[PDB]
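Text of run_15.txt, listed as compact mmCIF, C-alpha atoms and all ligand atoms:
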# COMPACT_ATOMS: atom_id res chain seq x y z
CA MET F 1 93.78 114.88 85.37
CA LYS F 2 92.07 116.92 88.16
CA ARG F 3 92.31 120.75 87.86
CA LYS F 4 93.02 121.17 91.66
CA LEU F 5 96.25 119.13 90.94
CA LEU F 6 97.80 122.23 89.15
CA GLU F 7 98.01 123.87 92.67
CA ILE F 8 100.87 121.52 93.73
CA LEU F 9 102.10 120.35 90.24
CA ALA F 10 105.34 121.95 88.91
CA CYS F 11 107.85 121.33 86.01
CA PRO F 12 109.88 118.11 86.58
CA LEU F 13 112.96 119.95 85.19
CA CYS F 14 113.17 123.56 86.63
CA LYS F 15 110.30 123.09 89.25
CA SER F 16 108.48 126.19 87.88
CA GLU F 17 104.68 126.81 87.53
CA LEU F 18 102.84 124.90 84.75
CA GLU F 19 100.13 126.16 82.36
CA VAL F 20 97.36 123.88 80.99
CA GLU F 21 96.29 124.15 77.27
CA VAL F 22 92.93 122.21 77.37
CA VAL F 23 91.84 120.36 74.16
CA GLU F 24 89.16 118.12 75.82
CA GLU F 25 87.58 118.64 79.28
CA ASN F 26 84.99 117.15 81.71
CA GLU F 27 82.98 118.49 84.75
CA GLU F 28 85.62 117.06 87.17
CA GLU F 29 88.89 116.56 85.11
CA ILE F 30 91.05 117.55 82.05
CA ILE F 31 90.96 114.69 79.43
CA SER F 32 93.22 116.02 76.62
CA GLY F 33 95.73 118.87 76.36
CA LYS F 34 99.29 120.08 77.05
CA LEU F 35 101.28 121.22 80.10
CA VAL F 36 103.76 124.06 79.36
CA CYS F 37 106.37 125.45 81.80
CA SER F 38 106.53 129.22 82.52
CA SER F 39 110.40 129.12 82.72
CA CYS F 40 111.86 126.11 80.73
CA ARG F 41 108.84 126.36 78.32
CA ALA F 42 109.06 122.49 78.31
CA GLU F 43 105.96 120.66 77.01
CA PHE F 44 104.17 117.69 78.64
CA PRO F 45 101.17 115.85 77.00
CA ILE F 46 97.80 114.95 78.65
CA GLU F 47 96.20 111.81 77.04
CA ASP F 48 93.13 109.94 78.48
CA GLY F 49 93.41 112.23 81.56
CA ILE F 50 97.08 111.23 82.13
CA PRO F 51 99.90 113.84 82.10
CA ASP F 52 103.28 112.47 80.92
CA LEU F 53 105.57 114.51 83.22
CA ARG F 54 108.58 112.15 82.74
CA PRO F 55 111.90 114.00 81.90
CA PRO F 56 112.82 113.98 78.13
CA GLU F 57 115.76 111.51 78.76
CA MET M 1 93.65 109.02 130.37
CA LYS M 2 95.32 105.57 130.24
CA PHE M 3 95.01 103.30 127.21
CA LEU M 4 96.45 99.86 126.60
CA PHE M 5 97.29 98.98 122.99
CA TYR M 6 97.47 95.21 122.46
CA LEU M 7 99.95 95.02 119.57
CA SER M 8 100.42 92.59 116.70
CA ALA M 9 103.56 90.36 117.04
CA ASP M 10 104.52 90.99 113.28
CA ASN M 11 106.93 93.84 114.17
CA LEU M 12 106.70 95.46 117.62
CA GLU M 13 108.95 98.39 116.49
CA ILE M 14 106.48 99.39 113.70
CA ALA M 15 103.48 98.60 116.00
CA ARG M 16 104.77 100.93 118.78
CA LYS M 17 105.92 103.73 116.47
CA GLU M 18 102.57 103.66 114.59
CA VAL M 19 100.61 104.34 117.86
CA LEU M 20 103.07 107.03 119.03
CA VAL M 21 103.12 108.87 115.68
CA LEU M 22 99.27 109.04 115.43
CA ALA M 23 98.96 109.94 119.15
CA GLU M 24 101.34 112.92 118.73
CA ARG M 25 99.35 114.05 115.66
CA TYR M 26 95.82 113.57 117.16
CA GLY M 27 96.45 114.65 120.70
CA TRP M 28 98.96 114.94 123.53
CA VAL M 29 100.97 112.17 125.18
CA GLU M 30 101.80 112.63 128.88
CA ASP M 31 103.88 109.36 128.94
CA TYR M 32 104.06 105.80 127.57
CA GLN M 33 105.56 102.41 128.49
CA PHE M 34 106.23 99.20 126.52
CA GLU M 35 106.00 95.62 127.88
CA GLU M 36 106.21 92.98 125.10
CA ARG M 37 102.94 93.20 123.08
CA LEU M 38 101.53 95.80 125.57
CA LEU M 39 101.80 99.58 124.99
CA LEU M 40 100.52 101.88 127.77
CA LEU M 41 99.77 105.43 126.81
CA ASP M 42 98.73 108.34 129.12
CA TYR M 43 96.81 110.28 126.48
CA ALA M 44 94.43 113.23 125.85
CA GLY M 45 92.80 114.29 122.57
CA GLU M 46 91.05 112.78 119.55
CA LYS M 47 90.75 108.99 119.07
CA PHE M 48 92.67 107.58 116.05
CA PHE M 49 92.17 103.80 116.78
CA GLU M 50 90.19 102.87 113.61
CA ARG M 51 93.33 103.76 111.51
CA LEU M 52 95.65 101.31 113.27
CA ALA M 53 97.09 98.37 111.35
CA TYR M 54 99.53 96.78 113.88
CA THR M 55 97.25 97.16 116.92
CA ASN M 56 94.75 94.36 117.56
CA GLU M 57 92.92 95.88 120.55
CA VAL M 58 92.63 99.17 122.42
CA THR M 59 91.42 99.22 126.06
CA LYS M 60 90.66 102.25 128.30
CA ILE M 61 92.44 101.28 131.62
CA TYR M 62 90.52 101.51 134.92
CA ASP M 63 93.23 99.94 137.15
CA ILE M 64 96.54 98.01 137.23
CA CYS M 65 96.83 95.40 140.01
CA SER M 66 98.19 91.95 141.01
CA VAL M 67 96.17 88.65 140.56
CA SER M 68 95.18 88.77 144.33
CA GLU M 69 93.79 92.36 144.07
CA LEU M 70 91.65 91.37 140.99
CA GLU M 71 88.42 90.49 142.92
CA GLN M 72 88.59 93.89 144.80
CA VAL M 73 88.90 95.96 141.54
CA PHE M 74 85.88 94.01 140.14
CA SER M 75 83.99 95.22 143.31
CA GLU M 76 84.87 98.91 142.51
CA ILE M 77 84.91 99.16 138.64
CA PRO M 78 81.74 100.97 137.30
CA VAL M 79 78.68 98.86 136.36
CA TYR M 80 76.22 99.74 133.48
CA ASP M 81 72.66 98.71 132.46
CA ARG M 82 73.77 97.57 128.96
CA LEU M 83 74.78 93.88 128.43
CA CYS M 84 78.39 93.15 129.43
CA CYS M 85 80.99 90.35 129.55
CA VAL M 86 84.57 89.81 130.83
CA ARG M 87 87.39 88.72 128.44
CA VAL M 88 90.74 87.55 129.95
CA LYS M 89 94.04 87.54 127.93
CA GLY M 90 97.10 85.86 129.49
CA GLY M 91 97.71 83.05 131.98
CA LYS M 92 95.74 79.80 132.44
CA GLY M 93 92.11 79.08 133.53
CA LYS M 94 90.95 82.09 131.46
CA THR M 95 87.29 80.95 130.95
CA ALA M 96 86.96 80.09 134.70
CA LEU M 97 88.35 83.58 135.56
CA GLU M 98 85.90 85.31 133.16
CA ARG M 99 82.95 83.48 134.84
CA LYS M 100 84.24 84.32 138.34
CA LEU M 101 84.76 88.04 137.50
CA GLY M 102 81.36 88.14 135.71
CA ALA M 103 79.76 86.86 138.98
CA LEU M 104 81.43 89.76 140.95
CA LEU M 105 79.87 92.25 138.45
CA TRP M 106 76.41 90.56 138.76
CA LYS M 107 76.64 91.05 142.58
CA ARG M 108 76.55 94.85 141.89
CA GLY M 109 73.66 94.64 139.34
CA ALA M 110 75.48 93.97 136.02
CA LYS M 111 73.67 92.15 133.16
CA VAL M 112 76.23 89.58 131.91
CA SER M 113 75.72 88.16 128.38
CA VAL M 114 78.43 86.23 126.49
CA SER M 115 76.45 86.13 123.15
CA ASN M 116 75.43 89.81 122.60
CA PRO M 117 77.45 92.15 124.97
CA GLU M 118 77.60 95.92 124.26
CA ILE M 119 80.34 96.42 126.94
CA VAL M 120 83.50 94.29 127.20
CA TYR M 121 85.55 94.21 130.42
CA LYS M 122 89.17 93.46 129.58
CA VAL M 123 91.79 91.78 131.81
CA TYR M 124 95.43 91.49 130.46
CA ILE M 125 97.60 89.24 132.64
CA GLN M 126 101.37 89.53 132.19
CA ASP M 127 103.98 88.54 134.87
CA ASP M 128 101.50 88.83 137.85
CA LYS M 129 100.38 92.31 136.59
CA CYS M 130 96.68 92.73 135.66
CA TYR M 131 95.53 95.59 133.39
CA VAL M 132 91.80 96.08 133.83
CA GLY M 133 89.60 98.23 131.67
CA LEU M 134 86.97 98.52 128.96
CA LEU M 135 87.44 97.53 125.36
CA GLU M 136 87.50 100.71 123.29
CA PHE M 137 88.42 99.17 119.97
CA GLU M 138 89.03 95.84 118.28
CA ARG M 139 90.48 95.65 114.74
CA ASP M 140 88.52 93.62 112.14
CA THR M 141 91.28 91.29 110.79
CA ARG M 142 88.98 90.25 107.82
CA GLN M 143 89.23 93.78 106.28
CA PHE M 144 92.95 93.50 105.22
CA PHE M 145 92.38 89.92 103.93
CA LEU M 146 89.44 91.15 101.76
CA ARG M 147 91.88 93.77 100.21
CA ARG M 148 94.71 91.14 99.57
CA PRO M 149 96.77 92.38 96.50
CA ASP M 150 95.72 89.26 94.45
CA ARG M 151 92.05 90.47 94.69
CA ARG M 152 92.60 93.83 92.80
CA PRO M 153 91.67 94.06 89.05
CA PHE M 154 95.29 95.14 88.16
CA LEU M 155 97.74 92.65 89.61
CA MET M 156 101.55 92.79 89.80
CA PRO M 157 103.66 90.38 91.97
CA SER M 158 105.58 91.60 95.11
CA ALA M 159 102.94 94.17 96.15
CA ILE M 160 103.13 95.48 99.75
CA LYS M 161 100.24 93.89 101.72
CA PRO M 162 97.40 96.21 103.04
CA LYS M 163 98.50 95.86 106.72
CA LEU M 164 102.13 97.00 106.18
CA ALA M 165 101.00 99.66 103.61
CA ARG M 166 98.53 101.19 106.14
CA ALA M 167 101.13 101.12 108.99
CA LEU M 168 103.61 103.05 106.76
CA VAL M 169 101.07 105.72 105.71
CA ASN M 170 100.26 106.09 109.48
CA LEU M 171 104.00 106.42 110.37
CA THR M 172 104.12 109.63 108.17
CA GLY M 173 101.42 111.05 110.56
CA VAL M 174 99.32 112.32 107.61
CA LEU M 175 95.71 113.38 108.47
CA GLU M 176 92.39 113.50 106.53
CA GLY M 177 92.54 116.05 103.65
CA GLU M 178 96.36 116.17 103.69
CA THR M 179 98.47 114.79 100.80
CA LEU M 180 100.33 111.46 100.86
CA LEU M 181 102.69 110.88 97.90
CA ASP M 182 103.81 107.47 96.59
CA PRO M 183 106.32 108.34 93.81
CA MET M 184 106.88 104.64 92.63
CA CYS M 185 103.23 103.63 93.26
CA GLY M 186 102.90 100.40 91.15
CA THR M 187 99.48 98.71 91.68
CA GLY M 188 98.64 101.36 94.33
CA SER M 189 98.93 99.57 97.74
CA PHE M 190 99.92 102.81 99.65
CA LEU M 191 97.45 104.98 97.64
CA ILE M 192 94.55 102.58 98.51
CA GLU M 193 95.28 102.63 102.28
CA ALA M 194 95.73 106.45 102.32
CA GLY M 195 92.44 106.96 100.35
CA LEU M 196 90.46 104.58 102.64
CA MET M 197 91.59 106.68 105.70
CA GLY M 198 90.48 110.00 104.08
CA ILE M 199 93.92 111.18 103.02
CA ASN M 200 94.43 112.69 99.52
CA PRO M 201 96.66 110.18 97.62
CA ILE M 202 99.11 111.12 94.86
CA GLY M 203 100.80 108.33 92.95
CA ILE M 204 103.67 108.53 90.44
CA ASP M 205 105.01 105.74 88.21
CA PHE M 206 107.32 105.88 85.12
CA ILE M 207 105.52 103.07 83.18
CA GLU M 208 102.28 104.15 81.38
CA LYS M 209 100.58 100.67 81.50
CA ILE M 210 101.20 100.69 85.30
CA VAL M 211 99.75 104.19 85.93
CA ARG M 212 96.63 103.12 83.89
CA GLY M 213 96.20 99.87 85.86
CA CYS M 214 96.78 101.74 89.18
CA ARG M 215 94.01 104.24 88.26
CA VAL M 216 91.63 101.23 87.67
CA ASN M 217 92.60 99.88 91.15
CA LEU M 218 91.61 103.27 92.74
CA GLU M 219 88.26 103.18 90.84
CA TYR M 220 87.69 99.65 92.09
CA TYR M 221 88.10 100.75 95.77
CA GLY M 222 86.17 104.02 95.20
CA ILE M 223 89.16 106.21 96.02
CA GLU M 224 89.57 109.84 94.86
CA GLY M 225 93.26 110.28 94.06
CA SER M 226 95.69 111.32 91.32
CA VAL M 227 98.05 108.96 89.45
CA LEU M 228 100.65 110.66 87.20
CA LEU M 229 103.28 109.46 84.69
CA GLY M 230 106.63 110.75 86.02
CA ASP M 231 110.03 109.80 87.45
CA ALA M 232 110.61 109.69 91.25
CA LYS M 233 114.14 111.19 90.53
CA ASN M 234 112.58 114.42 89.12
CA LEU M 235 109.27 115.05 90.95
CA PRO M 236 106.81 117.22 88.94
CA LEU M 237 105.74 118.95 92.18
CA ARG M 238 106.28 122.27 94.04
CA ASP M 239 108.50 122.57 97.15
CA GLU M 240 106.81 121.80 100.50
CA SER M 241 103.66 120.52 98.69
CA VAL M 242 103.22 117.09 100.43
CA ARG M 243 102.79 116.11 104.13
CA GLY M 244 103.85 112.47 103.80
CA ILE M 245 105.70 110.09 101.47
CA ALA M 246 105.16 106.31 101.71
CA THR M 247 106.90 104.06 99.13
CA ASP M 248 108.39 100.66 98.25
CA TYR M 249 111.69 101.01 96.35
CA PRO M 250 112.89 98.65 93.58
CA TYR M 251 114.91 95.82 95.17
CA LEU M 252 118.33 94.60 94.01
CA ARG M 253 117.80 91.13 92.43
CA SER M 254 121.52 90.36 92.31
CA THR M 255 124.67 91.32 94.29
CA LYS M 256 126.26 91.71 90.77
CA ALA M 257 124.04 94.84 90.32
CA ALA M 258 125.49 96.65 93.40
CA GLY M 259 125.54 100.45 92.90
CA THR M 260 122.82 100.54 90.17
CA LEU M 261 120.25 102.07 92.55
CA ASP M 262 122.75 104.69 93.93
CA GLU M 263 121.51 107.43 91.53
CA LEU M 264 117.80 106.58 92.32
CA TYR M 265 118.52 106.83 96.11
CA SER M 266 120.55 110.07 95.76
CA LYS M 267 117.99 111.82 93.47
CA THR M 268 114.87 110.76 95.49
CA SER M 269 116.59 111.68 98.80
CA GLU M 270 117.05 115.29 97.50
CA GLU M 271 113.59 115.28 95.81
CA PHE M 272 111.75 113.97 98.95
CA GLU M 273 113.47 116.60 101.18
CA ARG M 274 112.49 119.36 98.66
CA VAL M 275 108.84 118.22 98.16
CA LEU M 276 108.06 117.40 101.89
CA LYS M 277 106.56 120.07 104.19
CA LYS M 278 108.57 121.20 107.28
CA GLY M 279 108.74 118.33 109.82
CA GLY M 280 107.37 116.02 107.07
CA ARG M 281 107.99 112.27 106.90
CA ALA M 282 108.81 109.59 104.34
CA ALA M 283 108.21 105.92 105.29
CA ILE M 284 110.35 103.87 102.86
CA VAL M 285 110.92 100.15 102.07
CA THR M 286 114.29 99.00 100.62
CA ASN M 287 116.29 95.72 100.44
CA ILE M 288 119.72 97.47 101.03
CA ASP M 289 121.16 99.85 103.72
CA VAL M 290 120.56 103.45 102.49
CA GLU M 291 121.66 105.50 105.62
CA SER M 292 124.37 107.30 103.54
CA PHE M 293 121.80 108.62 101.01
CA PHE M 294 119.47 109.93 103.70
CA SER M 295 122.03 111.67 106.02
CA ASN M 296 120.01 114.89 105.22
CA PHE M 297 117.06 113.32 107.13
CA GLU M 298 116.56 112.33 110.75
CA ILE M 299 116.14 108.49 110.86
CA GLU M 300 113.35 108.07 113.47
CA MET M 301 112.94 104.31 112.90
CA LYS M 302 114.84 101.51 111.20
CA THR M 303 113.57 97.97 111.28
CA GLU M 304 114.18 94.79 109.28
CA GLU M 305 111.88 92.01 107.97
CA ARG M 306 113.25 88.82 106.33
CA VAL M 307 110.62 87.77 103.76
CA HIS M 308 112.10 84.84 101.66
CA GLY M 309 115.55 84.04 103.08
CA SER M 310 117.02 85.66 99.92
CA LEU M 311 115.18 88.95 100.69
CA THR M 312 115.64 91.08 103.81
CA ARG M 313 113.47 94.27 103.81
CA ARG M 314 114.70 97.46 105.54
CA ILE M 315 111.90 99.78 106.73
CA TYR M 316 112.79 103.41 107.53
CA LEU M 317 110.87 106.38 108.96
CA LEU M 318 112.65 109.57 107.78
CA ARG M 319 111.89 113.06 109.09
CA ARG M 320 112.73 116.36 107.26
CA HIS M 321 114.86 118.63 109.58
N1 LIG F 401 112.26 106.11 88.97
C1 LIG F 401 110.99 105.69 89.09
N2 LIG F 401 110.00 106.61 89.01
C2 LIG F 401 108.73 106.19 89.04
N3 LIG F 401 108.26 104.95 89.16
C3 LIG F 401 109.26 104.06 89.27
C4 LIG F 401 110.62 104.34 89.25
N4 LIG F 401 111.36 103.18 89.39
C5 LIG F 401 110.45 102.24 89.50
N5 LIG F 401 109.16 102.70 89.43
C6 LIG F 401 107.94 101.92 89.53
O1 LIG F 401 107.89 101.35 90.83
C7 LIG F 401 107.10 100.15 90.79
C8 LIG F 401 107.79 99.06 91.60
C9 LIG F 401 108.39 99.52 92.93
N6 LIG F 401 107.40 100.15 93.80
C10 LIG F 401 109.15 98.43 93.67
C11 LIG F 401 108.39 97.12 93.88
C12 LIG F 401 109.35 96.02 94.43
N7 LIG F 401 110.00 96.42 95.69
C13 LIG F 401 110.40 95.62 93.37
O2 LIG F 401 111.57 95.49 93.66
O3 LIG F 401 109.91 95.46 92.16
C14 LIG F 401 106.86 99.82 89.31
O4 LIG F 401 105.50 99.96 88.94
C15 LIG F 401 107.84 100.74 88.57
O5 LIG F 401 107.41 101.11 87.27
ZN ZN F 402 110.39 124.05 83.14
Just dump the structure as structure tokens.
Ligand SMILES: Nc1ncnc2c1ncn2[C@@H]1O[C@H](C[C@@H](N)CC[C@H](N)C(=O)O)[C@@H](O)[C@H]1O
Ligand SMILES: [Zn+2]
Amino acid sequence: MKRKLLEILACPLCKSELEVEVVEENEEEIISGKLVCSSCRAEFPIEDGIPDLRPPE
Amino acid sequence: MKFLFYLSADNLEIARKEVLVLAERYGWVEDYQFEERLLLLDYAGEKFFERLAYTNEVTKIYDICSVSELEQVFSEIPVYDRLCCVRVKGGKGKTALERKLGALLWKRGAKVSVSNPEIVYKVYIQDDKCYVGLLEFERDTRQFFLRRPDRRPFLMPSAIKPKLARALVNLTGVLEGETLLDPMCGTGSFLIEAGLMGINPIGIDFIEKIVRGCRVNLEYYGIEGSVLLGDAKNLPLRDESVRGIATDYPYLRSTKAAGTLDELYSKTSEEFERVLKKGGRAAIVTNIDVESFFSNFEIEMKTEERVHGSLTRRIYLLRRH
């Protein structure tokens, strides 16, 4: 998951700004980590450079 | 400046709108006229012809005349020192006419070569009207065939073909460095076409195996884009963050499942309007009439394409207003 993507990425629920909690990174993308909302405080995982931003339905 | 666009017969509505959308984004249109597979544009600005999917040829027009005035225009039209040839489209005795017109050019010092010409003189004959000019662009038909969906490393049936996928990205009017979103991206047909034209592609899909395979398809074509796991009903994106949306919706397989896509159409309609920039466009493919879900949008184009006899595709161009 590219870092420049955080500039247009928002929470799928409340559409608020997301924060990245990097576990594993690369020169061009984020490999492992979490995505946390600044309003909902909803969590979204990043595995093999893929963020799972699907609603918790 | 006058340009003739010789359009593909596939869908003239898409073919015409594709030219007009890119022309309004790249430059300024004084006027235009349609005549079957011919589109005449009085245009100034940047050339966008290499992007076109439903245009076969682009010619810069020198003159418009009748068949009897043809020899006189070939006595006036500028001559060059590079190798040239004449190519006639329309009517009968085409090869004889090309040889005759080539001889008129030679009379004024032209170097005619059929094998290796650098310059191509174009004559389009339609209902005793001759459009004379110089070939500006000719689309390489082999390029879409070489990108056939069955040739990608991650294959899924019912993928949108490269030609239609490129036309739809173009209909959004998205430019190089701008963002095109496909929120139900599948194997990445729309993402591939956008990336090949220099647009920044963003794909979304709700099945993990599919987003992984899509990412491999982008790698395969050498495209720089982002593929995320998400739902098109709840876009994980900021307001006014994307310039264009191009997507193929799930199709109804049975009339017994009528109303099951109502929520998907309602949620995406609101989500697309939120996420699109002002005056932004969504080019969408459905197999049902969705006018009622997109009343919040201006419908710039609606066309139909019967594919199987069981399947009739509806193609819309929606504009945020
Ligand atoms: N709500 C949704 N959000 C994200 N991806 C979706 C959603 N619904 C379907 N998809 C994906 O969309 C892809 C298929 C669609 N583009 C439609 C293809 C074709 N018209 C059909 O009827 O199957 C698949 O890869 C699905 O996983
Ligand atoms: Zn949130």
#### Entry: Residue hits in chain M, query chain F, radius 7 Å, only C-alpha atoms, as a list in words
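Filtering chain M at 7 Å from chain F with only C-alpha atoms gives residues 206, 228, 229, 230, 231, 234, 235, 236, 237, 238 and 241 of chain M.
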### Within 10 Å of ligand LIG 401 (chain F) (only C-alpha atoms and all ligand atoms), residues as a PyMOL selection string
(chain F and resi 54) or (chain M and resi 156-160+182-190+203-211+213-214+228-235+247-253+261+263-265+267-268+285-287+313)
Residue selection dump (C-alpha atoms) as a PDB file, in the frame of the given file:
ATOM      1  CA  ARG F  54     108.580 112.150  82.740  1.00  0.00           C
TER       2      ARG F  54
ATOM      3  CA  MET M 156     101.550  92.790  89.800  1.00  0.00           C
ATOM      4  CA  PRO M 157     103.660  90.380  91.970  1.00  0.00           C
ATOM      5  CA  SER M 158     105.580  91.600  95.110  1.00  0.00           C
ATOM      6  CA  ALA M 159     102.940  94.170  96.150  1.00  0.00           C
ATOM      7  CA  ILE M 160     103.130  95.480  99.750  1.00  0.00           C
ATOM      8  CA  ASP M 182     103.810 107.470  96.590  1.00  0.00           C
ATOM      9  CA  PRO M 183     106.320 108.340  93.810  1.00  0.00           C
ATOM     10  CA  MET M 184     106.880 104.640  92.630  1.00  0.00           C
ATOM     11  CA  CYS M 185     103.230 103.630  93.260  1.00  0.00           C
ATOM     12  CA  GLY M 186     102.900 100.400  91.150  1.00  0.00           C
ATOM     13  CA  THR M 187      99.480  98.710  91.680  1.00  0.00           C
ATOM     14  CA  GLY M 188      98.640 101.360  94.330  1.00  0.00           C
ATOM     15  CA  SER M 189      98.930  99.570  97.740  1.00  0.00           C
ATOM     16  CA  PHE M 190      99.920 102.810  99.650  1.00  0.00           C
ATOM     17  CA  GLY M 203     100.800 108.330  92.950  1.00  0.00           C
ATOM     18  CA  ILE M 204     103.670 108.530  90.440  1.00  0.00           C
ATOM     19  CA  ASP M 205     105.010 105.740  88.210  1.00  0.00           C
ATOM     20  CA  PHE M 206     107.320 105.880  85.120  1.00  0.00           C
ATOM     21  CA  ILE M 207     105.520 103.070  83.180  1.00  0.00           C
ATOM     22  CA  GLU M 208     102.280 104.150  81.380  1.00  0.00           C
ATOM     23  CA  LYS M 209     100.580 100.670  81.500  1.00  0.00           C
ATOM     24  CA  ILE M 210     101.200 100.690  85.300  1.00  0.00           C
ATOM     25  CA  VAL M 211      99.750 104.190  85.930  1.00  0.00           C
ATOM     26  CA  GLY M 213      96.200  99.870  85.860  1.00  0.00           C
ATOM     27  CA  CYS M 214      96.780 101.740  89.180  1.00  0.00           C
ATOM     28  CA  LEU M 228     100.650 110.660  87.200  1.00  0.00           C
ATOM     29  CA  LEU M 229     103.280 109.460  84.690  1.00  0.00           C
ATOM     30  CA  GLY M 230     106.630 110.750  86.020  1.00  0.00           C
ATOM     31  CA  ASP M 231     110.030 109.800  87.450  1.00  0.00           C
ATOM     32  CA  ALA M 232     110.610 109.690  91.250  1.00  0.00           C
ATOM     33  CA  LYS M 233     114.140 111.190  90.530  1.00  0.00           C
ATOM     34  CA  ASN M 234     112.580 114.420  89.120  1.00  0.00           C
ATOM     35  CA  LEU M 235     109.270 115.050  90.950  1.00  0.00           C
ATOM     36  CA  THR M 247     106.900 104.060  99.130  1.00  0.00           C
ATOM     37  CA  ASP M 248     108.390 100.660  98.250  1.00  0.00           C
ATOM     38  CA  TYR M 249     111.690 101.010  96.350  1.00  0.00           C
ATOM     39  CA  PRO M 250     112.890  98.650  93.580  1.00  0.00           C
ATOM     40  CA  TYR M 251     114.910  95.820  95.170  1.00  0.00           C
ATOM     41  CA  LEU M 252     118.330  94.600  94.010  1.00  0.00           C
ATOM     42  CA  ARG M 253     117.800  91.130  92.430  1.00  0.00           C
ATOM     43  CA  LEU M 261     120.250 102.070  92.550  1.00  0.00           C
ATOM     44  CA  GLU M 263     121.510 107.430  91.530  1.00  0.00           C
ATOM     45  CA  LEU M 264     117.800 106.580  92.320  1.00  0.00           C
ATOM     46  CA  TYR M 265     118.520 106.830  96.110  1.00  0.00           C
ATOM     47  CA  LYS M 267     117.990 111.820  93.470  1.00  0.00           C
ATOM     48  CA  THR M 268     114.870 110.760  95.490  1.00  0.00           C
ATOM     49  CA  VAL M 285     110.920 100.150 102.070  1.00  0.00           C
ATOM     50  CA  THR M 286     114.290  99.000 100.620  1.00  0.00           C
ATOM     51  CA  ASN M 287     116.290  95.720 100.440  1.00  0.00           C
ATOM     52  CA  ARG M 313     113.470  94.270 103.810  1.00  0.00           C
TER      53      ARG M 313
END
#### Entry: Gap from atom CA of residue 219 of chain M to atom CA of residue 240 of chain M - Å, one decimal
28.0 Å
### Given all atoms listed in the file as the counted atoms, nearest of F:38, F:30, F:3, F:45 to ligand ZN 402 (chain F)
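Once distances to ligand ZN 402 (chain F) are computed over all atoms listed in the file, the minimum belongs to F:38.
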### Task
Could you tell me how far atom CA of residue 96 of chain M lies from atom CA of residue 142 of chain M, in Å and to one decimal?
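Computing it gives 28.8 Å between the two atoms.
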### Message
If I take atom CA of residue 303 of chain M and atom CA of residue 12 of chain M, how far is one from the other in Å, to one decimal?
### Response
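Straight-line distance from atom CA of residue 303 of chain M to atom CA of residue 12 of chain M works out to 9.7 Å.
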### Query
Could you pull the residues within 6 Å of residue 179 of chain M, counting only C-alpha atoms, minus those fewer than 3 positions along the same chain, as a count of residues only?
4
### Task
Please determine the residues with any atom at most 12 Å from (93.0, 93.2, 99.3) (coordinates as given in the file, with only C-alpha atoms counting) and report them as JSON, numbers by chain.
{"M": [141, 142, 143, 144, 145, 146, 147, 148, 149, 150, 151, 152, 153, 154, 155, 159, 160, 161, 162, 163, 165, 166, 187, 188, 189, 190, 192, 193, 217, 220, 221]}
### Query
Between M:117, M:279, M:93, M:222, which one has atoms that come closest to residue 244 of chain M, using all atoms listed in the file?
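Using all atoms listed in the file, residue 244 of chain M sits closest to M:279.
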Put the listed atoms of segment 34-50 of chain F in a box along x, y and z with 4 Å added on every side and give me the centre and edge lengths in Å to one decimal, as JSON.
{"center_x": 102.5, "center_y": 119.6, "center_z": 79.9, "size_x": 26.7, "size_y": 27.3, "size_z": 13.7}
#### Entry: segment 17-34 of chain M environment, 12 Å, only C-alpha atoms, sequence neighbours closer than 3 positions dropped, as a PyMOL selection string
chain M and resi 1-8+11-14+37-58+163-176+279-281+283+300-303+316-317+319
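You can rank M:130, M:290, M:227, M:83 by their closest distance to residue 212 of chain M using only C-alpha atoms, and at the top of that list sits M:227.
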### Task
Give the answer as one residue: which of M:223, M:180, M:197, M:202 has the shortest atom-to-atom distance to residue 276 of chain M, using all atoms listed in the file?
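Closest residue, counting all atoms listed in the file: M:180.
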### Query
Of the residues M:10, M:246, M:194, M:129, which is the one nearest to residue 304 of chain M, using all atoms listed in the file?
M:10
